[PDB]
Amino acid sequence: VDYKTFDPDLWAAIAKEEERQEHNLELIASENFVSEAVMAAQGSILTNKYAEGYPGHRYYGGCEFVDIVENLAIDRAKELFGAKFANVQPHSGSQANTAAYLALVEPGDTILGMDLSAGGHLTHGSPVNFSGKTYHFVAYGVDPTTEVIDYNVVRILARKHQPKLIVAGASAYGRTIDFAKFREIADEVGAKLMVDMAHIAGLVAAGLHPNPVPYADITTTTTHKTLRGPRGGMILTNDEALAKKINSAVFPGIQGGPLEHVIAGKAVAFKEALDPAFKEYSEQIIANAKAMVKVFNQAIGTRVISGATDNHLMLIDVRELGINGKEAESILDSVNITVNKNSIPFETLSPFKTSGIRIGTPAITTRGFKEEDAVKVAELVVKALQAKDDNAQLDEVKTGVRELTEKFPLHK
């Protein structure tokens, strides 16, 4: 509180954001609320250490204890996911994927990855991203009728295009991904397989989604989604030769000094995820998501892509409400429900309007919501979107949000 007097404007903004998280329903599928330990590690004196290199082999003196922290994160990662090798230095999921491609393919090589509209990430071959700029991406999508991955189409594309690498994983796909089937297709055309499990990494760790690590040549992930850790990336592999290429790619390939205080937060979160309570959290995530999907399915005007969820998220086509994703987002904001607009498969509008919204349950599950409460959130979402600027209706939605946020204090 002493330093808060020196910079009133900044600490005032941080206080508002704390209230915002307290008083809104955070439904961004890729968000979560980290523990106090995760925040304490990020707020620690480890921010002061330069530690270029890897544990035991640094380019600086004085890394005795940073080496303990980083090996803590590596070892717990290997235990969480069954990988023989782990790199915990990527600053983000985008840095992780950048180094993974460096260890797997050459510039210009052909890569088969999920199309962004269908659910793939920017770094799975978007042409405004390094991935699409550096490599020759062929995109697979979802079936127009079922809106799930057609693995025959993936195989057809793989045979047609003879990719060096197939990428699986998604930012906006609510369904189980068949990594074994992907491995089988990659083997038929002689390609490598990279799996980006960033969104489902927590569910994988809890055994509630098939684990890609045994199948993928390289597995990448973020630490800050369903894994409920600090923001950052990680790279997993079982091949010792790839592990050497990954480590060289991360540093001195594309990064310099690692963020050791963030890596401390990773070690914190990995140990939390190894706790048996974490598995109960993860099942609650899926139970809550399925509960909301059921509410959204019964409502006309919220159309759940593929009609179901197997994991933490849902993609909602809002077009039949006469709105686009950007306006659906702002409507829900005006009643203190935070989502993001999101492209849906076969998206026809720009990535800034879109035809839908995305909703995920990890953050409300973390603050304590159960299925009854998830159901109330979805009902509130449907009500707000059907309101059509009936301000009385909207204020009732605000009331229900207020009841939910008071029933489940977060930072209080």
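Sequential numbering from 1, following the sequence displayed. Basically, rigid core = biggest C-alpha set you can superpose within 1.5 Å across the two forms.
- Once the structures in 5 other deposited structures of this protein are superposed via the core, the pair 299 to 307 and 75 to 83 is resolved in favour of 299 to 307 as the more displaced stretch (C-alpha RMS).
- Legend: mean Cα B-factor per stretch from the PDB entry, 87 to 95 versus 175 to 183; the higher mean is in 175 to 183.
- A summary of the deposited B-factors shows that, of 319 to 327 and 103 to 111, the stretch with the larger mean C-alpha value is 319 to 327.
- The entry assigns its greatest Cα B factor, within the set 250, 305, 264, 293, to 293.
- When the CA B factors of the chain's modelled residues are split into thirds, the value for residue 33 lands in the lowest one.
- The entry lists a Cα temperature factor for residue 61 that places it in the highest third of the chain's modelled residues.
- In the PDB entry, a CA B factor belonging to the middle third of its chain's modelled residues is recorded for residue 74.
- In this PDB entry, the Cα temperature factor of residue 53 sits in the bottom third of its chain's modelled residues, the lowest group.
- Residue 43: CA B factor lies in the lowest third for its chain, per the PDB record.
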